[PDB]
Each structure stands twice: as C-alpha cells, then as structure tokens.
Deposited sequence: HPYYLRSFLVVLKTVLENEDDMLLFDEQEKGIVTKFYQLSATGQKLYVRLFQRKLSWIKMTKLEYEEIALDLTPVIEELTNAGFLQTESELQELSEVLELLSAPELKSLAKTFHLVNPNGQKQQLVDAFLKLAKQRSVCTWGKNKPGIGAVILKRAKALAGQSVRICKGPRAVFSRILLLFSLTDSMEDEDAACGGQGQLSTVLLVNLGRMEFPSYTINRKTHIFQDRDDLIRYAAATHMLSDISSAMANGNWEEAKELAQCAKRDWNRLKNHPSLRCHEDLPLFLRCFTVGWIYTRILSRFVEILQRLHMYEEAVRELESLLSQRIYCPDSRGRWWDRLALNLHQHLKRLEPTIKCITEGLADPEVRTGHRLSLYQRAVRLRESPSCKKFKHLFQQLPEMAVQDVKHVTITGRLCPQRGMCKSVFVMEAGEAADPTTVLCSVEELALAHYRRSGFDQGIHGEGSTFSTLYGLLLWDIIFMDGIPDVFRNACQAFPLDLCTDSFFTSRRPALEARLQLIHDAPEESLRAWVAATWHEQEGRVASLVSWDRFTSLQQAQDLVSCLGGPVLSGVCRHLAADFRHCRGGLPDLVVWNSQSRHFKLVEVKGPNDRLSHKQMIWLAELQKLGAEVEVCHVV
C-alpha cells in the first residue's frame, strides 16, 4: 500500500476501534466506511488521493495518477457506483462548470456566444457568462459541459464522514503509517463529544476557524472580519444550548476539544484582526469580554491581558484604565512567564513616567517581581551558528541549538515513565497519541504529583551517573517512538544526551524539568536557544542569542533569570 492509503487506513481503524467515537456516527455513515473497506485497493488509493485535493471538479485528463492505475477510467466507475464520486452527469450547477472550464476554453465559449467582451480576466468572464445565463441558459450549459469534458467530484456525503474521522484522529498525515507510537494504556472515562450533532458542531467551528486562518495567511482582512463577526453571532446563539454545560464540567485538556474552545480561539483571532484593522476600541471590548469568562482558554489569559494593556496604553492613550488592567492582570493567577513580566514592566515604566502622578499610583499596592539582570555579551562576526563558533573558540567544546527543543527532549527522556504512566483518566484516548493529553495543562503536575515530585527530587539529588542511567534506559526503550516532547533528531546520539545531562548536572536540570512540568505551555517558550558545555570542565553556559534587530522577549528574560537562579551561568550573545 502507498503512504497515503496506509495513513488513511490507520486513521480509519483508530476511529473504528474506539466505541465511543463510533457512537457519534450514524448507521449510514458506518455503511459508507464499510463501503470504503469493500473496495479495490486501486479504488481506495484513488479516493484518498482525491480526498487530499479540494472539493472541486477535476478534468479527467488532469486526474491521471500512474501509480494508482495505468488508466483510472474503470476505477472511476467503481467509485461511482458506491456513491463516492459523482461523474459529469451530476454537473448541473453552472458556476462550477465555468470554474472547471479553462481560460482559453473560456475564450472559446465567449466566441460561441460573443454577447460580451471576448477577452479579460477569468473571474470577469465567468461573471459575464453568469449574467448572460440569467438573461438560452440550457444551451450555454450544454456547450460548457461539452467543452469541459468529464469531471468527477468527491461527493460531499462520504467526504464529510472521512473528514470527521480525520478530525477525531488528529483531535488527540504523510508518515502516519510509518511512525509507531509509544506504549501506553488507552483509557477514556469521559466523552469529548456527547452527541453526533456535537461533533458536527465541532466540525463547523473548526471549519470556520480554518477559514479565518486562511484569511490570516492570504492577508485578506475584511473578509476575515466579517467571518469573525458571523462566528461571534453564531456563538452568541447556542450558549443556552445544554451541550455547553456538560462541556464545562470536562477537564481542561479535554475541554480544549470543544465548540466553545474553538469559538474562543476564533474570538482571539478577531482580536488580532481588530488590532490589524486598527479598530482598537472594538479590540478592547473583545478582550475585556474574552477575560470575562474563566471557562474557555484559561491558558491564553496572559496574551489577553498583555494585549489589553498595550491597547489601552499606546493605542488608546488612556492611563487610568491601563493601571486597572495591569493590576487585574497581575492579580489573575493564570498569567505566567512572559505576559506577567510584560504587565509588570508596563507598570514600572508608568510609575517612573510623567503624568502618572495625577492619580493615586496604586503600584505601591502592585507586587514587585523583578527579573534578575542577566549578563550580556556582544561578539562581532547564520547568526546562531556564529555564536556557536564564538563559544567553540572559548573553553567550551560542544553545544546544541536547542531552541527549547533540547530542554523538552531532556525533560521527556528523564520523565518518560511519568509522562506516559497509567492510572490517569482520559489522558490517552486513542492508540495514536504522541503526547499525554493533559500535558500543556496545569493538571499534568497535579495528577502525577507523587511520582512527579519523587522523580524531580531524585534528579535533584541524582549523581551524574544515575541521570545518565535514566537517560540511557529511556532512550533505548523509546527511540523512534513519536513524542511531542522528545525530538530524536534534536540529539545527535544517545551519548550526546548523556554528556549533556551529566554536564548540566542534577539540580538545574531538575529545576528546568519542574518548570516544564508545572505549566509546559508557558514555560516551553523563551528557553535559551544555545546551550554550550565543555566535556572536561563539566561547565555549561546557556546562551540566548538575539540579533541586533530583535531584543529579548519577556519569556526569554524570565527563563534566563530563572536559569541563573537555579545555578546556571546564562548570557545573551549579541552578534553585530
């Protein structure tokens, strides 16, 4: 079987094997799945290939895939009987015929009925024939279909079922069959989706969010704004619908996969575009409304407070609301790492600024958390490779451009037993899960608290050999197994990881792992990019490399201060 068919079959079997997931699908949808199974291998390959393509008609001349078959003409018939593909006979909607027609063939069609400018843009000509059809339409359609040829569209019905299956799988695509996943007991005690309609709703919400992200990428913002507006209108409805209340009681990691969560991320994208369209007052209204709920996306409350403060300060030029927003944001426990530092820095800059005296300062009430200053080194001399070269010139001999993946890899290696341990409900729902589902959530440290603290303390008091024994044992058992935390390409060899942990030492590594385990989402970003060590000296310098243009991020400063606190010498290498 080819790669795409293997991946699709893996997804299909994964969704089949979970009984709760198939509780969602109706009888005819399971019939469609079985119909897919009772097809030729060539037919399955063809349908997967068309599934990767967009839901538009494809000219039969363009469709040919030599590997699936020398000739696709029968396979098309086979899929046609089952209801998977609709051949030319169903092409009764004229707009898609025009889109199917090639532009030179558009010119030919305009010649056939030259009631309109012969030449021009494809969109313009298509609008022209569409107007012409409205004002003879049967003959126009007949000639259009005749000149187009034979085309096959992936039927909406079956494609919807396979799309929901893919959504369920990726919820928890080229190398899917080849990559093997780690060993862990599959245990789901709650249902991410309660009813089939709920998955339909989740599919609709994710489709809307994907449309808004496509508008993000294309740079089109007005359509993005109206899409976000209708999304907000939709989420204004269905709020009273009992489905949401059941979804609230869900754990945070499982609540991530809910209609409300996707609509809240859509609202966040609306905040981003509103700032992009410079409708800053509306962005402030949305951000204040976003923080009015504690239920959905508590993880992103930091960006909401930071953006609210920045909007009220430098883009609405109001100080009194800014003081309140900074104080409230620092008061919310959910803010971590960079955003807390950003709000603090805003508060301190306002404190030692003119025109802030007018009101009671309220920063006397505000806590004073100060990032420890880190040593800054500037070398003159691909900037990160240059920094590696400069440190190689120093006493240090080796180093790895971790970019935060090195600490994630070490943490995953040294805590793999706890990361994938059993006895935790719903944190592994499918046989295909690269990472435990409760990771990137505060529930990770709480649920695993005894063993997590035990292993973290052990690493804290671990001799270098014990860390090396643990890293060696875990790597041998799990090399290759998929894991979001562990990047196997990140370390050249297991000996490299052994040398790294031993050089880093048990305490500072234990602290880094503790921070990554308490809240991985906020602590993962901002780690120093470059870690350098000398094998003989066993001395390490963790270096965050920032070019002349870019300055230290708030997360980077927080992590550098924390790493210096743990006993690591950290400097920021500027290469000018």
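Gaps in the model relative to the deposited sequence occur at 136-147, 185-204, 414-441, listed in sequence order.
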